[PDB]
file model07.pdb (PDB, C-alpha atoms)
ATOM      1  CA  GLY A   1     -11.277   7.969   2.150  1.00  0.00           C
ATOM      2  CA  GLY A   2     -13.526  10.806   3.468  1.00  0.00           C
ATOM      3  CA  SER A   3     -14.904   9.084   6.569  1.00  0.00           C
ATOM      4  CA  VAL A   4     -15.943   5.682   5.147  1.00  0.00           C
ATOM      5  CA  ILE A   5     -15.931   2.705   7.526  1.00  0.00           C
ATOM      6  CA  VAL A   6     -14.454  -0.509   6.128  1.00  0.00           C
ATOM      7  CA  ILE A   7     -16.341  -3.616   7.289  1.00  0.00           C
ATOM      8  CA  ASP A   8     -14.002  -6.569   7.938  1.00  0.00           C
ATOM      9  CA  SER A   9     -16.364  -9.036   9.554  1.00  0.00           C
ATOM     10  CA  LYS A  10     -19.981  -9.997  10.193  1.00  0.00           C
ATOM     11  CA  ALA A  11     -19.473  -8.835  13.807  1.00  0.00           C
ATOM     12  CA  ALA A  12     -18.421  -5.365  12.665  1.00  0.00           C
ATOM     13  CA  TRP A  13     -21.357  -5.436  10.197  1.00  0.00           C
ATOM     14  CA  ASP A  14     -23.839  -6.131  13.091  1.00  0.00           C
ATOM     15  CA  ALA A  15     -22.197  -3.513  15.330  1.00  0.00           C
ATOM     16  CA  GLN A  16     -22.424  -0.887  12.621  1.00  0.00           C
ATOM     17  CA  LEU A  17     -26.081  -1.640  11.855  1.00  0.00           C
ATOM     18  CA  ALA A  18     -26.848  -1.283  15.556  1.00  0.00           C
ATOM     19  CA  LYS A  19     -24.986   2.042  15.679  1.00  0.00           C
ATOM     20  CA  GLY A  20     -27.257   3.267  12.863  1.00  0.00           C
ATOM     21  CA  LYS A  21     -30.315   2.160  14.880  1.00  0.00           C
ATOM     22  CA  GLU A  22     -28.971   3.736  18.128  1.00  0.00           C
ATOM     23  CA  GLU A  23     -27.930   7.049  16.576  1.00  0.00           C
ATOM     24  CA  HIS A  24     -31.041   7.180  14.353  1.00  0.00           C
ATOM     25  CA  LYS A  25     -28.983   7.961  11.274  1.00  0.00           C
ATOM     26  CA  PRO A  26     -29.419   6.139   7.956  1.00  0.00           C
ATOM     27  CA  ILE A  27     -26.502   3.972   6.709  1.00  0.00           C
ATOM     28  CA  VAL A  28     -25.363   3.821   3.069  1.00  0.00           C
ATOM     29  CA  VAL A  29     -23.317   0.771   2.198  1.00  0.00           C
ATOM     30  CA  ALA A  30     -21.180   0.218  -0.937  1.00  0.00           C
ATOM     31  CA  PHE A  31     -20.664  -3.452  -1.865  1.00  0.00           C
ATOM     32  CA  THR A  32     -17.541  -3.538  -3.977  1.00  0.00           C
ATOM     33  CA  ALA A  33     -14.790  -5.889  -5.189  1.00  0.00           C
ATOM     34  CA  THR A  34     -11.146  -5.352  -6.116  1.00  0.00           C
ATOM     35  CA  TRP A  35     -11.841  -6.994  -9.501  1.00  0.00           C
ATOM     36  CA  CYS A  36     -14.785  -4.725 -10.195  1.00  0.00           C
ATOM     37  CA  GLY A  37     -14.107  -2.118 -12.911  1.00  0.00           C
ATOM     38  CA  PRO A  38     -17.056   0.284 -12.484  1.00  0.00           C
ATOM     39  CA  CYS A  39     -16.661   0.031  -8.685  1.00  0.00           C
ATOM     40  CA  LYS A  40     -13.193   1.630  -8.965  1.00  0.00           C
ATOM     41  CA  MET A  41     -14.684   4.317 -11.184  1.00  0.00           C
ATOM     42  CA  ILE A  42     -17.397   5.289  -8.648  1.00  0.00           C
ATOM     43  CA  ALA A  43     -15.366   4.858  -5.476  1.00  0.00           C
ATOM     44  CA  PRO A  44     -14.112   8.452  -5.471  1.00  0.00           C
ATOM     45  CA  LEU A  45     -17.611   9.855  -5.558  1.00  0.00           C
ATOM     46  CA  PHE A  46     -18.771   7.638  -2.644  1.00  0.00           C
ATOM     47  CA  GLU A  47     -15.818   8.929  -0.588  1.00  0.00           C
ATOM     48  CA  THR A  48     -16.590  12.542  -1.431  1.00  0.00           C
ATOM     49  CA  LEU A  49     -20.219  11.965  -0.565  1.00  0.00           C
ATOM     50  CA  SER A  50     -19.151  10.627   2.785  1.00  0.00           C
ATOM     51  CA  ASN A  51     -17.410  13.904   3.562  1.00  0.00           C
ATOM     52  CA  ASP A  52     -20.315  16.021   2.386  1.00  0.00           C
ATOM     53  CA  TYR A  53     -22.746  14.184   4.604  1.00  0.00           C
ATOM     54  CA  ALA A  54     -20.345  13.559   7.476  1.00  0.00           C
ATOM     55  CA  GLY A  55     -22.508  13.610  10.601  1.00  0.00           C
ATOM     56  CA  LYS A  56     -25.831  13.122   8.777  1.00  0.00           C
ATOM     57  CA  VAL A  57     -25.355   9.671   7.205  1.00  0.00           C
ATOM     58  CA  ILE A  58     -22.986   6.777   8.092  1.00  0.00           C
ATOM     59  CA  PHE A  59     -21.040   5.231   5.184  1.00  0.00           C
ATOM     60  CA  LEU A  60     -19.793   1.656   5.085  1.00  0.00           C
ATOM     61  CA  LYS A  61     -17.794  -0.283   2.536  1.00  0.00           C
ATOM     62  CA  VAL A  62     -17.950  -4.016   2.068  1.00  0.00           C
ATOM     63  CA  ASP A  63     -15.453  -5.914  -0.125  1.00  0.00           C
ATOM     64  CA  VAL A  64     -17.581  -8.911  -1.013  1.00  0.00           C
ATOM     65  CA  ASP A  65     -14.719 -11.281  -1.456  1.00  0.00           C
ATOM     66  CA  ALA A  66     -13.242 -10.268   1.918  1.00  0.00           C
ATOM     67  CA  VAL A  67     -16.566 -10.685   3.767  1.00  0.00           C
ATOM     68  CA  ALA A  68     -18.531 -13.410   1.969  1.00  0.00           C
ATOM     69  CA  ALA A  69     -20.978 -14.043   4.796  1.00  0.00           C
ATOM     70  CA  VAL A  70     -22.212 -10.454   4.606  1.00  0.00           C
ATOM     71  CA  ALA A  71     -22.309 -10.353   0.813  1.00  0.00           C
ATOM     72  CA  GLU A  72     -24.261 -13.574   0.760  1.00  0.00           C
ATOM     73  CA  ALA A  73     -26.854 -12.609   3.364  1.00  0.00           C
ATOM     74  CA  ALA A  74     -27.255  -9.265   1.608  1.00  0.00           C
ATOM     75  CA  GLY A  75     -28.171 -11.106  -1.626  1.00  0.00           C
ATOM     76  CA  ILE A  76     -25.868  -9.181  -3.970  1.00  0.00           C
ATOM     77  CA  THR A  77     -25.508 -10.299  -7.607  1.00  0.00           C
ATOM     78  CA  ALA A  78     -24.248  -7.283  -9.640  1.00  0.00           C
ATOM     79  CA  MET A  79     -21.642  -4.712  -8.740  1.00  0.00           C
ATOM     80  CA  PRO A  80     -21.514  -2.169  -7.517  1.00  0.00           C
ATOM     81  CA  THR A  81     -24.554  -2.368  -5.249  1.00  0.00           C
ATOM     82  CA  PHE A  82     -25.503   0.205  -2.694  1.00  0.00           C
ATOM     83  CA  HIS A  83     -27.912  -0.399   0.183  1.00  0.00           C
ATOM     84  CA  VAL A  84     -29.529   2.008   2.622  1.00  0.00           C
ATOM     85  CA  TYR A  85     -30.263   0.658   6.115  1.00  0.00           C
ATOM     86  CA  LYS A  86     -32.605   2.294   8.634  1.00  0.00           C
ATOM     87  CA  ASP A  87     -33.416   0.881  12.099  1.00  0.00           C
ATOM     88  CA  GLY A  88     -31.492  -2.287  11.440  1.00  0.00           C
ATOM     89  CA  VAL A  89     -33.171  -3.234   8.130  1.00  0.00           C
ATOM     90  CA  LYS A  90     -32.743  -2.608   4.418  1.00  0.00           C
ATOM     91  CA  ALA A  91     -34.853   0.325   3.264  1.00  0.00           C
ATOM     92  CA  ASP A  92     -33.592   1.080  -0.213  1.00  0.00           C
ATOM     93  CA  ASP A  93     -30.976   0.113  -2.828  1.00  0.00           C
ATOM     94  CA  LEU A  94     -29.285   0.986  -6.103  1.00  0.00           C
ATOM     95  CA  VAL A  95     -27.409  -1.353  -8.446  1.00  0.00           C
ATOM     96  CA  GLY A  96     -24.886  -0.066 -10.978  1.00  0.00           C
ATOM     97  CA  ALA A  97     -22.343   2.764 -11.244  1.00  0.00           C
ATOM     98  CA  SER A  98     -24.670   5.678 -12.056  1.00  0.00           C
ATOM     99  CA  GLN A  99     -23.246   8.801 -10.436  1.00  0.00           C
ATOM    100  CA  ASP A 100     -26.406  10.790 -10.700  1.00  0.00           C
ATOM    101  CA  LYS A 101     -28.458   8.087  -9.135  1.00  0.00           C
ATOM    102  CA  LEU A 102     -26.023   7.519  -6.197  1.00  0.00           C
ATOM    103  CA  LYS A 103     -26.221  11.276  -5.357  1.00  0.00           C
ATOM    104  CA  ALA A 104     -30.025  11.248  -5.550  1.00  0.00           C
ATOM    105  CA  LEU A 105     -30.188   8.241  -3.213  1.00  0.00           C
ATOM    106  CA  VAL A 106     -27.926   9.761  -0.558  1.00  0.00           C
ATOM    107  CA  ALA A 107     -29.653  13.168  -0.772  1.00  0.00           C
ATOM    108  CA  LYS A 108     -33.016  11.501  -0.507  1.00  0.00           C
ATOM    109  CA  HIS A 109     -32.195   9.659   2.685  1.00  0.00           C
ATOM    110  CA  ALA A 110     -30.009  12.349   4.200  1.00  0.00           C
ATOM    111  CA  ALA A 111     -32.814  14.895   3.984  1.00  0.00           C
ATOM    112  CA  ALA A 112     -34.616  12.747   6.584  1.00  0.00           C
TER     113      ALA A 112
END

call {"tool": "encode", "arguments": {"input": "model07.pdb", "output": "structure tokens"}}
result
Amino acid sequence: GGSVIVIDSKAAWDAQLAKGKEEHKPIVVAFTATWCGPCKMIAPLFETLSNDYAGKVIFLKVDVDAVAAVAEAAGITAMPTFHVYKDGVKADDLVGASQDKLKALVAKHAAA
């Protein structure tokens, strides 16, 4: 919506994690589902945040039903769930639709 990359496969998932390692930029991922109520509520903010940090942080979106393999390996159980990846590995997360916390997480990792 603002510069968010939609992940459609495990292959794209692996390519995008490598991009984050190659460009040395953190990645913030939103694990969402079409049936998820609070996910729809927070989705606009994530999109806005992707514009505001365009160039500093990479933003990915994963529809768990559409890409089960990724959702499963990522160990998600509640939605929405946000992960931060650095150098190919998970470095932080946030579970739930708290707007203030999502902002704090992005700001924290964007500011190096």

call {"tool": "closest_residue", "arguments": {"input": "model07.pdb", "among": "A:15, A:84, A:112, A:107", "to": "residue 59 (chain A)", "atoms": "only C-alpha atoms"}}
result
A:84

call {"tool": "residues_around", "arguments": {"input": "model07.pdb", "residues": "residue 93 (chain A)", "least_positions_apart": "4", "cutoff": "10 Å", "atoms": "all atoms listed in the file", "output": "list in words"}}
result
residues 28, 29, 30, 81, 82, 83, 84, 85, 102 and 105 of chain A

call {"tool": "residues_around", "arguments": {"input": "model07.pdb", "residues": "region 34-49 of chain A", "least_positions_apart": "2", "cutoff": "7 Å", "atoms": "all atoms listed in the file", "output": "list in words"}}
result
residues 1, 2, 4, 32, 51, 52, 53, 79, 80 and 97 of chain A

call {"tool": "closest_residue", "arguments": {"input": "model07.pdb", "among": "A:95, A:11, A:110, A:73", "to": "residue 57 (chain A)", "atoms": "only C-alpha atoms"}}
result
A:110

call {"tool": "atom_distance", "arguments": {"input": "model07.pdb", "atom1": "CA of residue 65 (chain A)", "atom2": "CA of residue 22 (chain A)"}}
result
28.5 Å

call {"tool": "atom_distance", "arguments": {"input": "model07.pdb", "atom1": "CA of residue 20 (chain A)", "atom2": "CA of residue 88 (chain A)"}}
result
7.1 Å

call {"tool": "atom_distance", "arguments": {"input": "model07.pdb", "atom1": "CA of residue 56 (chain A)", "atom2": "CA of residue 86 (chain A)"}}
result
12.8 Å

call {"tool": "closest_residue", "arguments": {"input": "model07.pdb", "among": "A:109, A:66, A:77, A:9", "to": "residue 96 (chain A)", "atoms": "only C-alpha atoms"}}
result
A:77

call {"tool": "closest_residue", "arguments": {"input": "model07.pdb", "among": "A:24, A:101, A:10, A:55", "to": "residue 74 (chain A)", "atoms": "all atoms listed in the file"}}
result
A:10

call {"tool": "build_atoms", "arguments": {"input": "model07.pdb", "residues": "region 63-88 of chain A", "atoms": "N, CA and C atoms", "output": "short mmCIF file (atom, residue, chain, number, x, y, z; two decimals), keeping the file's coordinate frame"}}
result
data_model
loop_
_atom_site.label_atom_id
_atom_site.label_comp_id
_atom_site.auth_asym_id
_atom_site.auth_seq_id
_atom_site.Cartn_x
_atom_site.Cartn_y
_atom_site.Cartn_z
N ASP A 63 -16.13 -5.25 0.99
CA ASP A 63 -15.45 -5.91 -0.12
C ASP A 63 -16.05 -7.30 -0.06
N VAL A 64 -16.88 -7.65 -1.05
CA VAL A 64 -17.58 -8.91 -1.01
C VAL A 64 -16.73 -10.15 -0.94
N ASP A 65 -15.55 -10.11 -1.52
CA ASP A 65 -14.72 -11.28 -1.46
C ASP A 65 -14.20 -11.39 -0.03
N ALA A 66 -13.75 -10.28 0.53
CA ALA A 66 -13.24 -10.27 1.92
C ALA A 66 -14.26 -10.64 3.00
N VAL A 67 -15.55 -10.37 2.77
CA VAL A 67 -16.57 -10.68 3.77
C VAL A 67 -17.78 -11.41 3.15
N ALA A 68 -17.52 -12.61 2.64
CA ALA A 68 -18.53 -13.41 1.97
C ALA A 68 -19.84 -13.57 2.70
N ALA A 69 -19.76 -13.84 4.01
CA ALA A 69 -20.98 -14.04 4.80
C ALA A 69 -21.94 -12.87 4.66
N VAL A 70 -21.39 -11.66 4.70
CA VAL A 70 -22.21 -10.45 4.61
C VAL A 70 -22.79 -10.31 3.19
N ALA A 71 -21.92 -10.48 2.21
CA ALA A 71 -22.31 -10.35 0.81
C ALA A 71 -23.44 -11.33 0.53
N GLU A 72 -23.26 -12.55 1.01
CA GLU A 72 -24.26 -13.57 0.76
C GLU A 72 -25.60 -13.24 1.40
N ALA A 73 -25.59 -12.93 2.69
CA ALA A 73 -26.85 -12.61 3.36
C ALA A 73 -27.52 -11.40 2.71
N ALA A 74 -26.71 -10.46 2.24
CA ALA A 74 -27.26 -9.26 1.61
C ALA A 74 -27.84 -9.57 0.21
N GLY A 75 -27.66 -10.80 -0.30
CA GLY A 75 -28.17 -11.11 -1.63
C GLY A 75 -27.61 -10.32 -2.83
N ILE A 76 -26.35 -9.92 -2.81
CA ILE A 76 -25.87 -9.18 -3.97
C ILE A 76 -25.51 -10.04 -5.22
N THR A 77 -25.80 -9.54 -6.42
CA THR A 77 -25.51 -10.30 -7.61
C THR A 77 -24.75 -9.47 -8.67
N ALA A 78 -24.97 -8.15 -8.71
CA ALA A 78 -24.25 -7.28 -9.64
C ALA A 78 -23.50 -6.20 -8.84
N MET A 79 -22.44 -5.68 -9.42
CA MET A 79 -21.64 -4.71 -8.74
C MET A 79 -21.38 -3.49 -9.61
N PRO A 80 -21.33 -2.31 -8.97
CA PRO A 80 -21.51 -2.17 -7.52
C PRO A 80 -22.96 -2.16 -7.12
N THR A 81 -23.20 -2.41 -5.84
CA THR A 81 -24.55 -2.37 -5.25
C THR A 81 -24.46 -1.52 -4.02
N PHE A 82 -25.44 -0.64 -3.86
CA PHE A 82 -25.50 0.20 -2.69
C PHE A 82 -26.81 -0.09 -1.96
N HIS A 83 -26.74 -0.18 -0.63
CA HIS A 83 -27.91 -0.40 0.18
C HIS A 83 -28.03 0.77 1.17
N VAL A 84 -29.26 1.04 1.57
CA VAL A 84 -29.53 2.01 2.62
C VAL A 84 -30.18 1.19 3.76
N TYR A 85 -29.66 1.34 4.97
CA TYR A 85 -30.26 0.66 6.12
C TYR A 85 -30.80 1.69 7.09
N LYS A 86 -31.99 1.42 7.63
CA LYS A 86 -32.60 2.29 8.63
C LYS A 86 -33.20 1.36 9.70
N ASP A 87 -32.92 1.66 10.98
CA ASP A 87 -33.42 0.88 12.10
C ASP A 87 -33.10 -0.59 12.00
N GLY A 88 -31.91 -0.90 11.52
CA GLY A 88 -31.49 -2.29 11.44
C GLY A 88 -31.91 -3.09 10.22
#
